[PDB]
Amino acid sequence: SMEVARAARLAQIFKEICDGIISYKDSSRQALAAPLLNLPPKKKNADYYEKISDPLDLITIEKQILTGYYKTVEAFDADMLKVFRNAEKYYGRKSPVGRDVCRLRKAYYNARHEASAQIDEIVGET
């Protein structure tokens, strides 16, 4: 098949997974991915951008998916996991935001495990 077609099929999968993370709610109906959605405004969180070198938020990922910016799942994985790592690096694995990010990763690995079959069928038309 044609690469842009492939990259669109993938994009659709990446958007579903990423929407699952953004929308993800605990039994308590509160959105765990909320802290991950927007990068703190530079002007009053100058200390953030000193601790994080390669900052990324879910809104940006969500935006780039729609473009076909992610041509492989590794590039996607890399971006999604960087947003989680940056969160733990800044708030601490033990903070309430790390307890959350931790749990969101599990969600991420399940949705990624489940998509894996479709992702292989696409990539393996090369």
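In case it trips you up, residue 1 is the first one in the sequence shown, and so on.
When the mean C-alpha temperature factors of 32-40 and 45-53 are read from the deposited coordinates, 45-53 comes out higher. Two stretches are in play, 59-67 and 22-30, and the higher mean C-alpha B-factor belongs to 22-30. Remark: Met80 belongs to the middle third of its chain, ranked by C-alpha B-factor as recorded. Ranked by Cα temperature factor within the chain, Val101 sits in the middle third according to the deposited record.
Among all modelled residues in its chain, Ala8 ranks in the middle third by Cα B-factor.
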